[PDB]
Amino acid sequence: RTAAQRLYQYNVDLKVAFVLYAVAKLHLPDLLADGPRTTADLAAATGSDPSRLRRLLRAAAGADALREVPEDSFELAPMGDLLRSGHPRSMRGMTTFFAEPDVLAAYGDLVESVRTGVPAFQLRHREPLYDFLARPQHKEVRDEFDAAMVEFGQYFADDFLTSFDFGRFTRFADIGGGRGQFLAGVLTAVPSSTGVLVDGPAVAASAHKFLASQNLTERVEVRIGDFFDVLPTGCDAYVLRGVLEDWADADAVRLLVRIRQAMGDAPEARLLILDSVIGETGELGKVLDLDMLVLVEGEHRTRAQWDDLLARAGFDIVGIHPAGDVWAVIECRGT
């Protein structure tokens, strides 16, 4: 409650974060998936010093990730179950990626990033994040990052759907929608509606498999190619979900112009931009901007900056509806 208690608790939680990271990297949650195991057993299964493994496992029990069991054994607790790779709603991705040595070093160079103007990660690894992860030697970190993004989408799904009336529209078009995670959530919450997925040839296979797992193959048209090419026409709702952070103004205007030409003169049609808006985000949103500062070159925009771009594309802002403590839906009208 007091400031002193809050500072001391941040120090403690920092340690728990490392504890959870190590438990996940040793695949201890997966080894425990079918029931309890002894320290000696888990030692042989991980190649660890039994005495120091026990101390790590015990810390994990202290943080309520595992529970201690008779005959010097340990067993999964609810929080530890979520750190299994196989769990349908796993959160192993975010627990491991952000505590990885290469990633953690970047958050360490936060001071020099503020002083220089260069993203900390690029300052640290002499290369942008997406190029770093593209290397074969960093595949394990890449998969964890990929999982983290899926998990953030899962965590914040309800925040969007309960903060804007998507039920007004019947034909959605997600530009840069990836595997179609967001499109799936909207089409599930809005019956009898159809969708269009627009993205590059990278996630094409991932989209078809994920949509099939949701039985939405019939309701979603997957379009693969450049944005300015396969952009669909005749949709009453267009969605840009965090894909303008890494665009120049000149490039974003052309995209927004192309979108304007696609939705026609339909007065009920809308462009929906999903993003964190500077000055109109919550306290949590201000903290999360740290991620952008450390990892990438992109940047969130203010309302005034959004109005500038949209006006040059023939758009006006109807409102910026809050969607939880971080994100918001920027509702845009034509003309």
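Start at 1 and count along the sequence shown; that's the residue number.
Higher mean CA temperature factor between 305-313 and 279-287: 305-313, per the PDB entry. Just going by the entry, 174-182 versus 231-239 on mean CA temperature factor gives the higher value to 231-239.
By the numbers in the PDB entry, the CA B factor is greatest at 200 among 86, 78, 128, 200. Across the options 153, 167, 93, 119, the residue with the most elevated CA B-factor in the record is 167. The PDB entry assigns residue 143 a C-alpha temperature factor belonging to the middle third of its chain's modelled residues. Residue 29 sits in the lowest third of its chain by CA B factor, as recorded in the PDB entry. Residue 214 sits in the middle third of its chain by CA B factor, as recorded in the PDB entry. Residue 268 sits in the highest third of its chain by CA B factor, as recorded in the PDB entry. Annotation for residue 160: CA B-factor lies in the middle third of the chain's modelled residues.
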